[PDB]
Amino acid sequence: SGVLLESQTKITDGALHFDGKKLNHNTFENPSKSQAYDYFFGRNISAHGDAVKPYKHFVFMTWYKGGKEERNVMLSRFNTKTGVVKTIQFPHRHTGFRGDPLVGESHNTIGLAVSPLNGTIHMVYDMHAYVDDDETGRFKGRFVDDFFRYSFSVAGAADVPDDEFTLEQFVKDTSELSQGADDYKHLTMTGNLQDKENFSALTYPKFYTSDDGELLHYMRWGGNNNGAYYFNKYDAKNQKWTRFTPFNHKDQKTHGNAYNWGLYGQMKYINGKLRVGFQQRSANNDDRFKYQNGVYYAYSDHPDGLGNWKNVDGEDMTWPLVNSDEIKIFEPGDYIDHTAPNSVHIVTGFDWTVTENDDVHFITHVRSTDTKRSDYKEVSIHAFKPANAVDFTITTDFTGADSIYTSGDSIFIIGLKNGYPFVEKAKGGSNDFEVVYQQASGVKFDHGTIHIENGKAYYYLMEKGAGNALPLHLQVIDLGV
C-alpha cells in the first residue's frame, strides 16, 4: 500500500484535557473545585479542531497548556529538519463553559493558519457563539469586547530563527477596546471595529489555503435548527481579512423558507473551489427526522465563494441559500423504514470529500430513534459518484466512519483502534476499502486531529493517561500516493 509511519515527535508533556465529570443543565453551576476538571460537552480540547498545519519544512500546532489551573493558549513550531520544537505561551487562558473556567468547553478549539504569501500566522480560539451582553445575559457580560478572539503575527514570523520565535512576533490589541498591555486578542479580522457585529456569535474556526496561496476561513453562526456558515478571505497585501459573507441565510423562515434549518457538516476548499457538504437539521419537529436529514452539497465557481454557486449537477444555486432542497443529493432516511414523527435518528457519522479525479463521496449513518423497539434498524451508508458516472452509487455495505479523507487516486478512513492509528484505503470512486496500516506497539492515544497534505497525514495526537495535563505527539504518515 505504501502507507508507513515517517516520524513521531513529542510536542509537550502537558496539554490540557478534561478529566473530571460531565455536567449538565442541572449541575453546571456547581462544578468541582478539586484537582479534577469537570466539563459540559466532551473531554477533548487539545489536539482537537483545526490545530495542525504544515508550512515549508515546519509543522505548527496549537494547544492549551495543561493543568486545570493553567490553560494558556500555546503555539508550537516543529522544525522537521532539525527536530527542534519551539513554543510560544500566550496570555489568554481557556475561559470554559459560558465563561466559567471551572467547566471545560470542548467546542473552544484553537484554529490555526499560516499564509504562504507573507509568512503571517493566524489563530482564532476559545469561542462558542459568544456576544456582548450584560449581567442578566446568558454569558453574564463575560465576553464584552472579547466575543471573537483573533491573534496574528507580523509578516515573516513563520520563518524566523528559533531564538526569534516568540510572543513578540504577535500584534497586540491597541484599539479603543484594548483590555490592557497583555491583550493579544483582536475583536475583528478586518482591523476595523466598525465590523464587530459581523464577528459576533461564531463557533468552530477553520482555515484553508487556496490554490493561489490565499487563506480562507469559515465559521458557523448559531446552531441546532437555525444556523449558517460564514466565510472570509485574507488580503495578504494589506495584512487584513474581509468581512464574513454567508453561504446561507440564518433565520430562513423570514427569508422565504417554510422552516428554519441548521447545518451539520463542513465547508471545504477542494480541487480549487470552495465547496460545502452537510446534513440539515430542520426546525420542523413534526416530521420523521428527530435531528438531521438529507445530504446536501454545493460548490462555487467564484474564487472567494462570492456567488456563482452550483449543485452537483451544475445547476445554479440561490445564494445566499434559503431552501436546502436546491442542493439535496439524497435522503439517508429512506434507508430505514420508519415514518412516524421523530422515529429516524441521524447525527453521527457524516463526512464528505471530492477526489483529485472529481469522484464525489459521502458517508453517513441512520438508526431508529427508539433503541428499544423490536424492529430496531441501524445502517451506515457510503454514497459515491465516480468521475464519469451519471448517478451516485449508494450502499449500506459499509462499516461507517466519522471522517473521510483523500489524496492522489485514493480515499482514506483514518482513526484510532484500541488507541493506535490505523489507515483504510480505497480507490477514489469505489467502495473497496482495505486496512493497509495499523500501529501495533508504543504509547497509546486518547484522541487526535488530522490534516492531509503533501500526500501525508499529519496526525496530531494526545497520549492516553490520567489527569488533565497529558503529552501531545505529532505523527507524520506517508499515505503511499
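Sequential numbering from 1, following the sequence displayed.
Of the two segments, 58-66 and 34-42, the one listed with the higher mean B-factor is 34-42 (C-alpha atoms only). Higher average CA B factor: 387-395, of the stretches 328-336 and 387-395. Of all the options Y405, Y230, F199, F139, the entry's greatest CA B-factor is assigned to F139. Looking at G349, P341, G277, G180, the one whose CA carries the top B-factor in the deposited record is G180. Ranked against the other modelled residues of its chain, the C-alpha B-factor of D163 as given in the entry falls in the highest third. Ranked within its chain, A426 lands in the highest third, by CA B factor from the PDB record. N454: CA B factor lies in the highest third for its chain, per the PDB record.
The entry lists a Cα temperature factor for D133 that places it in the highest third of the chain's modelled residues. Sorting the modelled residues of the chain by their CA temperature factor places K290 in the lowest third.
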